[PDB]
Amino acid sequence: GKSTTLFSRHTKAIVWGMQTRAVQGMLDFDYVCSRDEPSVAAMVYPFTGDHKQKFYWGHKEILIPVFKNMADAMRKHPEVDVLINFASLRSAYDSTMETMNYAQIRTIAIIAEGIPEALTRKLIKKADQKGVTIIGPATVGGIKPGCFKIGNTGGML
Amino acid sequence: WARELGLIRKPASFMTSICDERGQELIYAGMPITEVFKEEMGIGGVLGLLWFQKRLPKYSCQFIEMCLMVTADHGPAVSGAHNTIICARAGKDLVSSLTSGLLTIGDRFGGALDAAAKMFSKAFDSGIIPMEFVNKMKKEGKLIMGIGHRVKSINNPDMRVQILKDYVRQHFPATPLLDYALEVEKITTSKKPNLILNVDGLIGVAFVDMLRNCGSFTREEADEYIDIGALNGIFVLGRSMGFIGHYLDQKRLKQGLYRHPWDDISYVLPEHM
Amino acid sequence: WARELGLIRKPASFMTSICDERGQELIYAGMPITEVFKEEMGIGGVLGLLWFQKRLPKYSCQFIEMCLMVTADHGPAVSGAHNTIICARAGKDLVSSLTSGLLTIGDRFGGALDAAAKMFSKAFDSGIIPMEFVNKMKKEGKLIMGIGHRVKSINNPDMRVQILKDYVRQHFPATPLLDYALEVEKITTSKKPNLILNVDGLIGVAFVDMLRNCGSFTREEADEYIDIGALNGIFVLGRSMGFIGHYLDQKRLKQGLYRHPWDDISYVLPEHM
Amino acid sequence: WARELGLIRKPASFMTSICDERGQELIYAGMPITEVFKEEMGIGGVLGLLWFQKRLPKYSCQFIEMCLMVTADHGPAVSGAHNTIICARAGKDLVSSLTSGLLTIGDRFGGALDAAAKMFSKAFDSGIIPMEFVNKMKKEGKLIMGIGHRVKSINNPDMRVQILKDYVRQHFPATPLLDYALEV
Amino acid sequence: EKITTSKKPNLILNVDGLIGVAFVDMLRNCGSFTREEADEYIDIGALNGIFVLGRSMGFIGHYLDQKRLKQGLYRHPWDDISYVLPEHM
């Protein structure tokens, strides 16, 4: 299940958490890398209803929807394969337990810092049982220049 | 200079998908104003444009004009026209008198337009009989919105309900929710003659029919425009003509300040607080 | 019971010469609602009945519908549409959003509908040549209301003042005040090209001309309604469609609460009070 | 004449149990205006008289005045003050400016008063542990009205909730809701 | 007031006039206003503000009281109206 090409030039992600600065940094990276399509499909923040956040692609503006429940985010958007999880250290474990059992997700990225060791042990166990690739705790993420950037890897533009 | 030079990039709020004003022509929803006047769409047509952003058919634009002609003034007794007359007699101006009349269009006066659509379409998609919908609504102790009227009855009917019915029977294809509402009306007038299907219920169910049985609204648009409140706007924009008429009339009769005599009050104060 | 059997004689306030709601038919000005719909008078016809209490001719009713179509939404930048958008983004409701936008239509926003009619009709009834009028409104400060634009100048018309001007010159019999206003605009276009006759001035002078040149107004009701504010009523009832459109649209794009960032404020507080 | 010689009858609407304006003195709730000014109650005292129809104690009166002092202006960035500035700049007048700024005080602006009263009273009279209440609200997926403030923290206080907290701790007898609110 | 109370005995200095002249007297007799601000604030409308802010307590009192008495919708009966419509428009 642990594939080789994690991120490519045709990847699209689902962000978990109201992280408009990080998503706009990712969209600026994907504009700078001469990439045709943005690498974010939708965002998840469960504390308000669905809407469309407005983000900046190059010189122009586009819209990225924000959902409340993860089930609608997986149903409406099946082309994604990577879920970035900006949840806190106390709400990332349940978020990953909910998010691993979905179909289209091929890799998750737990950017939180301060997870319990028993919780990340159960998380690693379910991750190797399912076959997803986990880039988890206490990270800033990864960056594949020319293709993809996870969160705020590297810093500003 | 940096924006016109094009090297700054600022995030604009206020998305507003209606009425692009800049440029060589005042574009409405998507249609320029010369095309609006050339296609002869009336104030119902520009209501369809500005509110729904869908160019409506001609039997629906005329129905919107019929709604704004029927939901005009209904006398000065009712509470909104009463507040407009009180403020115009205290000599203010048009926007404050019309506005202090418009801040009574709530739930008991004139804001049944949306609840008599939400209720009648929530009891039609979970399909019950009218005789059980009335039983449920009395059992819960809540008022069937858009079924009651203070002064009109079946022995004293309001004619503006009949003018809309004789239009929505002919030019409207496939209007079942109106038939459902008429069934509930006669079920309730069999018991009490006071409870007559209002214009504030007939316009609600006829607008749900006009949205979901004519074109250009699928099922999420035509329920979003009920949940958002696009049917209260029909009453507010229709009754603005009556409230401005009452301001102009009380300004032309040169009436004085209103005082509301103490023989109509009965102060019921505590003893010694 | 004593008034029903008739021996009390209490004096009644609220004189209201409009819209007899009682009885069996909803009677408008003097004409029932069935005659209103049978004689095919639109919302301009019921505006002539409710506001002016006259049976307006069929060109004038269509002209009032034309005015309420051009004085609809004119972009969300303006003060009233901005207030409606801020109240809709604070999640309020339709009547408080539209109402708190409608409390800007005073003098600086929406006041050119009435100021440019009182000006052009005070300086036409005083017998003043257009060059003397332009020079009289020069020595006293006082920029001429209803004249001016920002882009659309000449050989580049307003294209919604042209529709109204075409309708008035084709349909109105004996229109002297529009011709006086066009002489004033021909004099003042020589100064700057973008001093074209505004739409807020053209609706004012065409409305005053319609009142004092069509039938059933003498000349002393025909400027009583100008003094009272029928033109302010025309602008408020026209722009209510645009403000309700802005409420529904900001409710439909699901916008959040507005904050107006401190980069655009510049507090100029005193030192220590 | 027919009611002055007392023979007719009239049902009178508008019951109004506040401020009898007739008679030889402007009576408030039950207390005349000379007693209002002799008993030296501030505007909190007449807020208690007109709104609540009780003569509130003199610590609750100063607390009502303290609430009307801290819920005064909080900058013109916020939406109601912004609408008041737009209507004043369109040159209207005081009552249309203040009124079209007042018609934003709904649920997202200024509704946190009634919302945080009713939420913390529905989570206390149906008694839950505070740790279970915050988990219940997180599980349902809505925020708690009361708590917030992006600038201040436990490091540096707000200094306008601090003065209110000082007043209720130094004047209020038997305050369980505040204690419960602090717990959360 | 002394001059005009001799014509009719009821013409006394009203509360709505004593608050006005005592407020103007405060602004132009106490410190911190010069004399060009203390007649600017009267022209701007800072005396309407005293009435509106004072009367807001009474109007909120009437709202809370009419909500607490469970009073229903008002209709204002036709025997208090006297419609004076035209004959047939």
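When the chains are written out, they are named A, B, C, D and E in that same order, and each has its own residue count from 1.
One rule holds for everything that comes next: contacts are C-beta pairs under 8 Å (C-beta built on N, C-alpha and C of every residue); 3 or more make two chains touch, one makes a residue touch a chain.
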item: Chains contacting each of chain B and chain D, listed by label; value: A, C, E
item: Most remote chain, CA-based centroid, reference being chain D; value: A
item: Most central chain, judged by mean C-alpha position against the global CA mean; value: B
item: Distance from the mean Cα position of chain D to that of chain A, given in whole angstrom; value: 44
item: Between chain B and chain C, centroid-to-centroid distance (C-alpha), Å; value: 22
item: Centre-to-centre distance between chain E and chain B (centres being mean Cα positions), rounded to whole Å; value: 34
item: Of all residues in chain D, the ones touching two or more other chains; value: 13-18, 53, 93, 95-96, 103
item: Residue ranges of chain E touching chain C (in the complex, touch as defined); value: 76, 78-89
item: Residues of chain B defined as touching chain E within the complex; value: 76-79, 82, 108-109, 150-151
item: Touch list for chain B against partner chain C, complex; value: 13-22, 24-26, 28, 33-34, 36-37, 42-43, 46-47, 50-51, 53, 65-66, 68-70, 72-78, 85, 93-96, 98-99, 102-103, 105-106, 111, 151, 156-160, 163, 224-225, 228-230, 232-233, 236-237, 240-242, 244-253, 255, 258
item: Touching residues on chain C, where the partner in the complex is chain E; value: 3, 10, 12-18, 20, 22, 27-31, 49, 53-55
item: Touching residues on chain E, where the partner in the complex is chain D; value: 45, 48-49, 52, 57-58, 60-62, 64-66, 69, 71, 74
